[PDB]
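Everything on this sheet refers to the single structure shown next.
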Amino acid sequence: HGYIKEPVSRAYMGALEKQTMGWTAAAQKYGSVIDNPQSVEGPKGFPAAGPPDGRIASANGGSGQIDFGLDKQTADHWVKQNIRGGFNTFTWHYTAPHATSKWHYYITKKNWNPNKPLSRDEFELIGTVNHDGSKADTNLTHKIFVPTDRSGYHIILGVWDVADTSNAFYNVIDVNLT
Numbered sequence: 004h005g006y007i008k009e010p011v012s013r014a015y016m017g018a019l020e021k022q023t024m025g026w027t028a029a030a031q032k033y034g035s036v037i038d039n040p041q042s043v044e045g046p047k048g049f050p051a052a053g054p055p056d057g058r059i060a061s062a063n064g065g066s067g068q069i070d071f072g073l074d075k076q077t078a079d080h081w082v083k084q085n086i087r088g089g090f091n092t093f094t095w096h097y098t099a100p101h102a103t104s105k106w107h108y109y110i111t112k113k114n115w116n117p118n119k120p121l122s123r124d125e126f127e128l129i130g131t132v133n134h135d136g137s138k139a140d141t142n143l144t145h146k147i148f149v150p151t152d153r154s155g156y157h158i159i160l161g162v163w164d165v166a167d168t169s170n171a172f173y174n175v176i177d178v179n180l181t
């Protein structure tokens with residue numbers, strides 16, 4: 004269990020807006036993830052397997068731990084944060100830092116549709132961090148090159164594949180790319 008804390012993952016933005024908007028208003032916006040940003044958990048093997056299209060952002064209900072609120076997708080729904088093209092760092096916060104196979108990072112393609120459910124074919128791989136099966140917390144922060152050929156609203160997907168389970172953690176990040 005864990006989430007991407009910097010940049011602020013959509014899930015963690017849910018936790019953060021719980022403090023500012025209140026439990027009811029934040030939950031209306033994000034669903035039940037506001038209480039458990041660490042539990043966006045689904046089957047591993049993305050992209051050939053894993054959560055189906057339209058269920059990527061919630062990891063298909065987080066294996067029962069959360070609802071489908073993260074799967075809404077509109078140009079306007081989510082809080083964007085600014086990021087620059089080029090090298091960026093991605094820091095996970097862990098509540099249970101399981102033995103890990105890899106992390107892998109994707110960005111939406113230049114022509115993606117921000118008003119449709121997220122699908123695999125809208126993402127391209129941008130970096131892969133292989134791990135030796137040791138606990139996640141032996142490599143907390145990953146240096147990933149975000150494409151410089153792209154601007155405006157994009158989604159970065161970070162995925163954490165857990166070595167000792169059939170699962171992975173899926174954290175979309177809403178970004179304004181400059």
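Take the sequence shown: its letter number 111 is residue 114 in this note's numbering, and every next letter is one higher. The beta-carbon is built from N, C-alpha and C at its ideal position, and this holds for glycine as well.
Check the DSSP bridge columns for residue i and list the partner residues they point to.
i	result
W106	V132 and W163
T111	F126
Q84	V178
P46	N170
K32	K32 is not bridged to any residue.
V149	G89
What three-state label does DSSP hand residue i in the structure shown?
i	result
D79	coil
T92	strand
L121	coil
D177	strand
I37	helix
residue 204	Because the chain spans 4 through 181 in this model, residue 204 falls outside it and cannot be assessed.
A62	helix
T23	helix
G17	helix
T141	helix
With residue i and residue j assumed to form a contact (beta carbons below 8 Å), what rounded beta-carbon distance in angstroms separates them?
i	j	result
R123	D56	6 Å
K83	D164	Between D164 and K83 the Cβ distance is about 27 Å, and since that is not below 8 Å, they are no contact.
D135	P100	With a Cβ gap of about 14 Å, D135 and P100 do not count as contacting.
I158	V175	5 Å
Hey, residue i and residue j: beta-carbon distance below 8 Å or not?
i	j	result
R153	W81	no
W106	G5	no
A62	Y173	yes
Report all residues from its chain with a CB closer than 8 Å to the CB of residue i; omit the five preceding and five following residues, and keep chain order.
i	result
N116	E125
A102	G136, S137, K138, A139, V165, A166 and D167
Leaving aside the five residues before and after residue i along the sequence, list all residues of the same chain whose C-beta is less than 6 Å from its C-beta, in chain order.
i	result
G34	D70 and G72
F148	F90
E9	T94
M16	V82
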